[PDB]
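Q: Let me begin by handing over the structure; questions about it come next.
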Amino acid sequence: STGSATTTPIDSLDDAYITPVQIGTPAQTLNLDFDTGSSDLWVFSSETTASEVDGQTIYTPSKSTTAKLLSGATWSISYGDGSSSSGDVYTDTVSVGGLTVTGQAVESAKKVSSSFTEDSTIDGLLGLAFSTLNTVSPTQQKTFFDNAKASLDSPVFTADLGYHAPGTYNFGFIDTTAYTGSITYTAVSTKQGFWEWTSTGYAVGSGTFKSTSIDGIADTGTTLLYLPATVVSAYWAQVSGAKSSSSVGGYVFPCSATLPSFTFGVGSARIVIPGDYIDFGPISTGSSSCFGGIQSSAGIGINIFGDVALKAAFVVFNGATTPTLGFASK
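Taking mature numbering (1 follows the signal peptide of the UniProt record, and there is no 0), the leading residue of the sequence shown gets 70, the next gets one more, and so forth.
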């Protein structure tokens, strides 16, 4: 089997992407944030504290003839940005782009943190990291991909995120029309539960490539590119007036700037992030100070190849017995 679904930016900055997902019978379609950096599929629901729901579409398990309470199971997750959610668990039928999994754990939110409430466009998350990170207790549950894998034509999914435009998540096949040149594959460590890999270096603008190993995660659920402070300083040094602002919480730059590109290495291959992808707009409405899309990972504890990086590529998440990641230009 295969599936193919369009993923759409939630706003004009590509802060996140939503993908429609069918849950239950009859289908209830929710727009979920596909997150290769986590492993829980959780939704706003009829059980979510009423004051914490503000415009989201909710899953109502009582209206699904295939929903079953997973007795005794609870979940609770805290994300890197300090957001969080928790609740109980149903199993139900879940379909993405024509690909159906029966008995998928659908984690129903009883509580969500303010950032989730305040984002009316995201109805929940669909985790695509390794199932070892799934938070369901006392019986850990599998991700949608893990459940689907054996049925897929090939045990892969691909992320093709757009810049200020829709893109695509495919399951079970590689669309050879969706990228240019060849796909370069690179090793993955699953030791931390993430799609963790080692970039071979970077360049800033038209500058020379610096060969250096940068271990990080491919994380579709993180907006920005978080890299070591040395790398980030080298980038922003090429932008007149750019500075790190502790009050704002990262590098800012004059909105009048033209940003240089940033290149990262995948083996001997190179992915170029155009300068415009690195512009996250005014820090507050009407400000001429703009927020940078490349930020320091210092004090996160891990480097993160988030959407800023991934949307410059066609990315293969290869879930074969030994997982790997592939990157192609597009």
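All C-beta atoms in this analysis are idealised placements derived from N, C-alpha and C, irrespective of residue type, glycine included.
#1: Where does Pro351 sit, in a helix, a strand or coil, going by DSSP?
#2: Hey, could you find the ends of the alpha helix (DSSP H) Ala303 is sitting in?
#3: If we require 4 or more residues per run, which alpha helix (DSSP H) segments fall completely within the stretch 236-322?
#4: Given a cut-off of 8 Å on the beta-carbon distance, is the pair residue 32 and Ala136 in contact?
#5: Nearest-angstrom Cα distance between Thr134 and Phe214?
#6: Report the CB separation of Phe333 from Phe349 in whole angstroms; it is logged as a contact under 8 Å.
#7: Over the uninterrupted beta strand (DSSP E) stretch that includes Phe360, give me the two end residues.
#8: Could you name the residues that DSSP lists as bridge partners for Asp161?
#9: How would you label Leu110, buried or exposed, when you count the other beta carbons within 10 angstroms and need 16 or more for buried?
#10: For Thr171, tell me which candidate among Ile340, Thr212 and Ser206 has the shortest Cα-Cα distance.
#11: Compare the C-alpha of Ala389 against each of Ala272, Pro351, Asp192 and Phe226 and name the closest.
#12: Starting from the C-beta of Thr76, find all residues in its chain whose C-beta is less than 6 Å away, skip the five residues before and the five after it, and write them out in chain order.
#13: If distances are taken between C-alpha atoms only, which option among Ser154, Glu187 and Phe199 comes closest to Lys180?
#14: At what residue ranges does the stretch 96-130 contain a whole run of the beta strand (DSSP E), taking only runs of 3 or more?
#15: Mind checking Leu230: buried by the 16 CB within 10 Å criterion, or exposed?
#16: For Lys380, count neighbouring C-beta atoms within 10 Å of its own C-beta (all shown protein chains included) and say buried if the count is 16 or more, exposed if not.
#17: Using a Cβ-Cβ cutoff of less than 6 Å, which residues in the same chain neighbour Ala74 once the five nearest sequence positions on both sides are dropped?
#18: Tell whether a beta-carbon distance below 8 Å holds between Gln364 and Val301.
A: Working from what's here:
#1: strand
#2: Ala298 to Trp305
#3: 298-305
#4: This structure gives no information on residue 32, because the portion of the chain shown stretches from 70 to 399.
#5: 23 Å
#6: That pair is no contact at about 18 Å.
#7: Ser358 to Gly361
#8: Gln173
#9: buried
#10: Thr212
#11: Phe226
#12: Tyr86, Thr88, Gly236 and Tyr238
#13: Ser154
#14: 97-104 and 110-112
#15: buried
#16: buried
#17: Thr88, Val165, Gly166 and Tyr238
#18: yes
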